[PDB]
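Coordinates in review
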Amino acid sequence: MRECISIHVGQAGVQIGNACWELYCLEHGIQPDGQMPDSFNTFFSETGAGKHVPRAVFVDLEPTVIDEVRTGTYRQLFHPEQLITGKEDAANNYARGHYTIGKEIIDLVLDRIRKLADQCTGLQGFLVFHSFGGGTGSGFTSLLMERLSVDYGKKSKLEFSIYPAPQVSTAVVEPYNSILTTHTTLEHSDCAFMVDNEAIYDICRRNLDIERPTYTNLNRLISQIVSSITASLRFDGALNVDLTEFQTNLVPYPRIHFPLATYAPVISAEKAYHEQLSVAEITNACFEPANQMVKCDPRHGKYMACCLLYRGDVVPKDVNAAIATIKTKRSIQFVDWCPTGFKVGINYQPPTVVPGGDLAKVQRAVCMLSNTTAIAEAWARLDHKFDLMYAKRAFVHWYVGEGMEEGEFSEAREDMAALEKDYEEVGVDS
Amino acid sequence: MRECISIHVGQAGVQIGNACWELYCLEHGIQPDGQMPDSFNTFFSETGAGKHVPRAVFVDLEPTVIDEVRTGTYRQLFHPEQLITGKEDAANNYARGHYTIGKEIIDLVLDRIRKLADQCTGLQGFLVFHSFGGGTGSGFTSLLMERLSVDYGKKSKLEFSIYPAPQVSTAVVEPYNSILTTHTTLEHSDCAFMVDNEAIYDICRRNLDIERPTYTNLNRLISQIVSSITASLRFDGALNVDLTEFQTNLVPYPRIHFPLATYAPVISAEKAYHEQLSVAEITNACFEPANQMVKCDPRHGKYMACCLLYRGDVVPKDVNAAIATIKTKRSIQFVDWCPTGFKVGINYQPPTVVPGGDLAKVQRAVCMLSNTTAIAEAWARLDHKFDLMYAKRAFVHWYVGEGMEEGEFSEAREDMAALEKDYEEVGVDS
Amino acid sequence: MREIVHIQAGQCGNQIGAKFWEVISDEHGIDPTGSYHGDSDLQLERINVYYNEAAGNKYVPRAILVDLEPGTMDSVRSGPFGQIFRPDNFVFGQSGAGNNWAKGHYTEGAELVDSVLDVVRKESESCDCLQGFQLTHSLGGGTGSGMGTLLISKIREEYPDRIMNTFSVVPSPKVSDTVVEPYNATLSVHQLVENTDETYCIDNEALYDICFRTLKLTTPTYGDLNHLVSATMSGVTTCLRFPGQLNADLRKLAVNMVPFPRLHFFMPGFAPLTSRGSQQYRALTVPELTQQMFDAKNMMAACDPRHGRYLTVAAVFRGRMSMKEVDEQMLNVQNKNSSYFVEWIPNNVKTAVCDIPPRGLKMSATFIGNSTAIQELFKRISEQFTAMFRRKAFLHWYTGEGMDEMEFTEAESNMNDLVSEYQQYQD
Amino acid sequence: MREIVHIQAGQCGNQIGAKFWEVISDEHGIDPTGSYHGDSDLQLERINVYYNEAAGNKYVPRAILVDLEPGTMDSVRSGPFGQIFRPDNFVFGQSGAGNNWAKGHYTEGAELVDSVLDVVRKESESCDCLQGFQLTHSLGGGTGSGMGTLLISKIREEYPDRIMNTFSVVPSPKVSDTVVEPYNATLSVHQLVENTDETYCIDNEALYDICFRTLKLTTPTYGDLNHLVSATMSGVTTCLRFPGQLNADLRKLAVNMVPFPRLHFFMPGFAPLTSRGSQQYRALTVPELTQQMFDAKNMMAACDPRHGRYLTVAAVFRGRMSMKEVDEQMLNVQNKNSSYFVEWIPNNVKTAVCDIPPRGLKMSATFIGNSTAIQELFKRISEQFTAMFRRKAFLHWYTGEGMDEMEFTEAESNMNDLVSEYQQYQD
Ligand SMILES: Nc1nc2c(ncn2[C@@H]2O[C@H](COP(=O)(O)CP(=O)(O)OP(=O)(O)O)[C@@H](O)[C@H]2O)c(=O)[nH]1
Ligand SMILES: Nc1nc2c(ncn2[C@@H]2O[C@H](COP(=O)(O)CP(=O)(O)OP(=O)(O)O)[C@@H](O)[C@H]2O)c(=O)[nH]1
Ligand SMILES: Nc1nc2c(ncn2[C@@H]2O[C@H](COP(=O)(O)OP(=O)(O)OP(=O)(O)O)[C@@H](O)[C@H]2O)c(=O)[nH]1
Ligand SMILES: Nc1nc2c(ncn2[C@@H]2O[C@H](COP(=O)(O)OP(=O)(O)OP(=O)(O)O)[C@@H](O)[C@H]2O)c(=O)[nH]1
Ligand SMILES: [Mg+2]
Ligand SMILES: [Mg+2]
Ligand SMILES: [Mg+2]
Ligand SMILES: [Mg+2]
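Identification of chain C as Tubulin beta chain from Sus scrofa is taken from the PDB entry. Its UniProt record, at the heading Cofactor, says of chain C: "Mg(2+)". Taken from UniProt, the Sequence similarities comment for chain C reads in full: "Belongs to the tubulin family."

The PDB entry lists chain A under the name Tubulin alpha chain, from Sus scrofa. Turning to chain A, the UniProt record has this under Catalytic activity: "GTP + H2O = GDP + phosphate + H(+)". Per its UniProt entry, chain A bears the Subcellular location comment "Cytoplasm, Cytoskeleton".

Residues and elements named next belong to chain D. Surrounding ligand 2, one finds 17 residues, the nearest of these being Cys12, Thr143, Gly144, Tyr222 and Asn226. Here an oxygen atom of ligand 2 sits 2.9 Å away from a polar atom, N or O, in the side chain of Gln15. Within the backbone of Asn99, an N or O atom sits 2.8 Å from an oxygen atom of ligand 2. Going through the elements one at a time, α1 (10-27), α4 (143-158) and α7 (222-241) are the ones with two or more residues in the shell around ligand 2. Per-element tally for the shell around ligand 2: the top contributor is α1, with 4 residues.

Here we take up the UniProt feature "binding site: GTP" in chain C. Residues and elements named next belong to chain C. In this numbering, the UniProt entry assigns the feature "binding site: GTP" to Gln11, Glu69, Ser138, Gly142, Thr143, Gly144, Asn204 and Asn226. Mapped onto the elements, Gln11 comes out in helix α1 (residues 10-27). Classification of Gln11 by relative accessible area gives partly exposed; the value is 46%. Setting aside its immediate chain neighbours within four residues, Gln11 contacts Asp67 and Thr72. In this fold, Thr143 is placed in helix α5 (residues 143-158). For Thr143, a relative accessible area of 9% gives the class buried. Discounting residues that sit within four places of it in the chain, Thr143 has contacts with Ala9, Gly10, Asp67, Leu68, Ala97 and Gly148.

Attention now goes to the domain arrangement of chain C. Residues and elements named next belong to chain C. By domain assignment, chain C separates into domain 1 (2-259), domain 2 (260-373) and domain 3 (374-427). Look at where the C-alpha atoms of domain 2 and domain 3 centre, and you get two points 31 Å apart. Counting residues at the interface gives 20 residues for domain 2 and 14 residues for domain 3. Taking both partners together, domain 2 and domain 3 bury about 1,400 Å²; carbon and sulfur atoms supply 53% of that area. For the domain 2 face of the interface with domain 3, the top three residues by lost area are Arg262, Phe265 and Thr372, together amounting to 38%. At the surface where domain 2 touches domain 3, the tally comes to 1 salt bridge. Where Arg262 meets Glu421, a salt bridge forms, and the shortest distance between an N and an O atom there is 2.9 Å. At the junction of domain 2 and domain 3, the tally comes to 9 residue pairs in polar contact. Taken together, the elements giving at least two residues each to the side of domain 2 that touches domain 3 come down to β9 (265-268) and β12 (364-371).

Reading the values: rules and limits
Residues numbered from 1 in each chain as written, not as in the entry; some residues may be left out. Chains lettered and ligands numbered in written order. Part of a larger assembly, values for the part shown. Heavy atoms only, no water. Residues with missing side-chain atoms left out of burial classes, pairs and counts. UniProt positions renumbered as here; feature names shortened; annotations may be inferred. Near = heavy atom within 4 Å. Polar contact = N/O pair within 3.5 Å; in protein donor to acceptor, adjacent residues only side chain to side chain. Helix = DSSP H or I, 4+ residues; strand = E, 2+ residues; numbered from the N terminus. Buried < 20%, exposed > 50% of the residue type's maximum accessible area, 1.4 Å probe, protein only. Contact = heavy atoms within 4.5 Å. Domains from an automatic or database assignment. Buried area = accessible area lost by both parts, 1.4 Å probe. Salt bridge = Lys/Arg side-chain N within 4 Å of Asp/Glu carboxyl O.

This is the structure in structure tokens:
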């Protein structure tokens, strides 16, 4: 029982899933070929004798990264029908990923998801990995999420997305796709975790003193975040956090389901010896505006609800002490209508380290996921870029020619505007 | 006792018989030359000392197709009296196989069947293998079933066919022969299983991931289906299905005796390792449209009776669980006048693997046989092809040039019209 | 066992037949002296379809060598593989038809048809289970066209239930060799319409076009043209001579390609046909065979298939190939080119697959197509005949030895009727 | 799988395409005989994008070599790697355009182009999932400009949903090879405005200037220019042919660089480019690749970007590289030079990174820039055309070939409209 299915859409989703599954295989002792020389039943299904297949699915409209997986060192882990491949890429087009190219591959991936969901008896929910910038990771993710909403319904849907940075972005037509995918993620998602590549870069440069980090380090960090998310369900702890409890504690209003994830301590090997990494100090470092993996300022935001996921040699009393110290700090403020806003989860098992990784082995680790109003500013400048590009109707034909109209561009715009209005009116004092 | 006689007529019948006899010799341990280095009495009769000769007969109007058998690996399994060759092929003519060429070879096959049936003491019935498009497999099969019905009578006559595909067809006069043969297959066959070459090719392409499957793979799948049908006679299990109770459960009305075969799990070697081949999942895979052995969608038809022939490591309780899950699925529909529509047989003998075959070794296997209304539209499109070619009297001069009349074509067409009306009025609700 | 009696009429017929026996003896491993020296045992169980058993493990063809000029048979005997033939099957006069259908049919054909029929009677009664006859002839001359038509008629009253197969080189407007080609061609078609079960309309123009653009052959002699025709002739009987996944004898192709008895003029072809330098760059699979054999340039008639509709087509495939690929390729051809196929005949393609390929190639296909483009090939002959017939041109020759104007009129009427019915079923 | 059909028109197009095929066979490890002799499986995991699997474990390009003079065809075949091409893809006439866009687009190129359409049709049908076509041609001649423009029109008519690529060399005012360059260029640019999905404006001035000041090459011939163009062509599709941290096929660049359908004229660029004497004095790092890409001298069109505003910029990086520093470099480029980038499009630069670098270098970058500075390249062509058009100069050749003056008038109007739209999006 107590299973959850991972969905990886787009190049970003597939690479993050590769990192996540390498981390999971390291965690549970499963070799890359599937043999383990219990608790692994959450993410792996035992087939026959001595064979574990991950409860995953890899979807792309282009065959580059999927065939890289099919020829990589984890080629024996996944069966071929688990990795679904298109022919022509969505090419950074929400229209192409949603209407023209996504329509002939959605049925097969939904069939695979169905055959993967009836196999397990305690399906907690889905983990969709994607990116807002990509045409596939926006359009096909929106299509798959609405199909999952109409099919499964009350099953939890948790998604991990790579939100574009204010300044560090690699696509010109990016804001269009980012607005469009959120227009449906507002209603087809239960909890959308937000990650900026620029913030990962800043953390890598400062904390891990990596001068030239690439996407593999980013995916390793995101994999550590997801592992800390699912550790309370894949192991035992003093305080256990389930996905339903996570949603209940973190989401105050149905449209407000965009928390910001932070992870600590994320330090190099040479810097770990000089630091006596206590629970109180990593808890403090979680609230540091420099350690957020979303490029935003919590100081000008207001916290609404935060979930503290601890793993390692952690006892509840020092957690209570750290939370009490956090409450006494005036720089971190909470909304009035939430007198208690800390969901606490303690797990005994410590976070493992991937060989060749940049992170150092730590006795304790914290993954705080705070639902705050600091992402209103993120939505604000994404919307400003969208308006500023849409005033001249640039790149609009590249969407109109693929079964799409300007009217829904405007409706996505006004839906985003209603979203910032919602955040503003829930952030006010009473 | 419990012997069965296999009749292979036409090129398709003879090749499928070669596959079937290879499969049976592998199953029972019979070497190709007829020596075993009990339960084989269903199909093989022990002769003299350490020699088993199968209860078969191979009849074709051309010598060559029998001739590779007479000089192949199984030249000593048979003896030239149940291998019968004519002089001239029927040449895709039902008329030639029924009247001009059939008349001087029908007596010899008839008395060979007599000498093969008086030998055994517990003859359950006959297995006739052919196609509908071929001249021999239509005309000579019609003549032979006439003779068998007038001679044996109450004895069962199971029929295996290669239905012409909606699109994958190799004979121009194929609809003529297919319409002509059914006019006697209706009242002379107790049960007529359908196999469509296009569906088998598509199954080999998806499930068995063969880019280029020949007739030998098609015949391997057909032989596996026939072996799964006859395993109850040839072995023992928790629930056994004889041919008589098979017909009683599967045939609701005397005209409605055309069930659809399917097999599961049909997987390659590499796909078998990562698959949890449980009873429930193969039971589900039997009912999904893509593994139907005939190109027809069961979704817009309604089932009447399904015969589930489990074999391998199967216990009845998970079979009941799988059937219960099937009954709750809205997509699968059953007629109201059949409150229970599952005849289930479980056999201990696992399906063997032919050396060099594309099928993987599996613990369990299901051959589900459903009598459904999804064959109605296949017959309707065959009628459309027939009356398209018949509005212009095309190719009719070949048939009437030997002794057939126009009334034969008219009565065959009205018989199919009546049969389609019969399915329409039996599938309607009450 | 399903024997075939081969007859060759005229110089062209004898040349093409000699090349056909060359390629057949190559297929079955028969040496120039007629004795077996093959390697595979598959070359002998179906040796009787074309050969007879002689004393001392010797194989002689079931061929009748018919002509009026003895020089043609002198050349055939003197050439290679030419001594394999039976000496008394060679039947000859002394005069020569003189490019006259009239003398090839009435005045010196008749005295020779008695001997020819005696020889073919001996050959047919010798064989075990006859299935039909093969005749190779051209429509331009008087021996080929005229006497082959007469011979076909005589065989038809003597063997009406056996299949009549002919391989007829028809005249072409570009490659015109004799002046009275329209007369001989029309008079010969007047009898091939109702006396033959299938006619493979060969022509020199299309063969030369093959040897130019497809084979890139610098100086194509008649040897190469006869080689192509022999390849097609071997392809149409491969299923008789060898096993296969799908087997199709002559009668099966006839019943699958003759919706109405008069439309038995087929447009043959072969694949793959590759240049010496270009064969090294070509992938060799079923789809490329399919695209070659359906290409209008590859066809062995001077009529574009795109100008008409395919009533039926045949794909006699050879070699170890997948049946899914073959049937699917035929399906794709039928679907994406629905305008080029008759709508009232679904599944316009007849497909047969053998496993023994021609020597030197691992797979080959013989395209046979019953198209409506034969109508223009016959209209060319019809209009040339009409032009030469209004002015009574050259009629004094044919009238000089028994023919009359009404026979020419009825031949033209029959050809016009056949053209009109091809047009009618084209729609 | 997203395969590309390559076409070469004219002498320059044929030479550039031959050099491109040489360098891309070197990249994929294909010997001059066509067989595979590479070391990594990544050289074959995307071999179908440009090559067709021929029988014998060897490869032939999916290229059609088109000209109107057989001399260029002979030169291409006779050179190194010239045997790899399939012989039937060599399509040529006998007369030649004679620097006449009319002879290349209306009479003689029109007569020849049916064979070219047939060959590209069979190439597009043989391949699995075609994504688009690419054509290499000039604009000064009549063969390249006119006949490639006709070919583009025919291909767009037959494949309206596929992407067009044109690595087209444009005439320049200083190195002006012929007298009628602006006529040919204007007539070609007319249909290149709408019939091409994106066009790469190259010219000999910028290539010569690179070979002078960047490569420090004393006497560069056409070979070095063609090698530069080939390197850019390979770097455009390296994301299709090889994996990477961030993939970007041609359609993705098209949607990220063409805000409005008529603005698809780009200035290509390649980095790094260093002289032999300065190879050891230069640092192997990404910021200097960015500086080499974004400076005016590395552009391969004679347009200074400082005189215009960048609309969209592409940077297809190759090799094992870090993403953080690449994104930081692009951010610094867009920040220090905000005046040179269009203001109503945030994030003017799209970045793609491939892992496989070109042979002999561990790191490389391809610059593709859509800027309003292109407008002056059309200003000079338009003013030269207008100078020759007021006096009816050289028009009698085109008029006698079948054109009319109003065609020239409307082609000029089309270019003037394009220039005006570039100016009013420059602001
Ligand atoms: N494809 C071929 N055509 C040939 C060959 N030999 C001749 N022909 C053509 O046949 C046409 C006329 O047929 P023939 O010359 O054989 C005339 P035939 O001997 O049948 O009658 P007469 O010579 O009038 O007695 C003419 O166009 C020749 O070029 C050959 O080997 N192959
Ligand atoms: N970058 C290159 N430019 C070239 C090359 N060959 C020629 N050219 C230039 O291209 C221009 C003329 O192009 P071509 O000679 O190919 C003209 P084309 O054959 O397409 O037309 P016709 O001459 O009317 O047949 C002129 O400026 C030449 O100097 C080459 O290999 N590379
Ligand atoms: N953190 C992180 N982000 C990535 C990674 N790979 C791609 N991205 C982000 O994904 C965005 C573009 O989407 P992609 O995943 O690359 O492409 P896609 O989702 O398949 O959609 P298409 O553009 O149509 O191919 C970029 O803006 C990147 O920021 C990665 O490995 N790690
Ligand atoms: N599945 C399968 N079908 C076959 C095979 N061989 C022939 N067929 C089918 O049989 C149909 C035609 O009948 P054939 O078996 O070829 O010929 P026949 O039954 O001997 O009758 P004739 O036409 O007189 O030769 C074709 O449409 C094929 O689909 C085979 O080996 N496997
Ligand atoms: Mg992508
Ligand atoms: Mg047969
Ligand atoms: Mg003669
Ligand atoms: Mg030129």
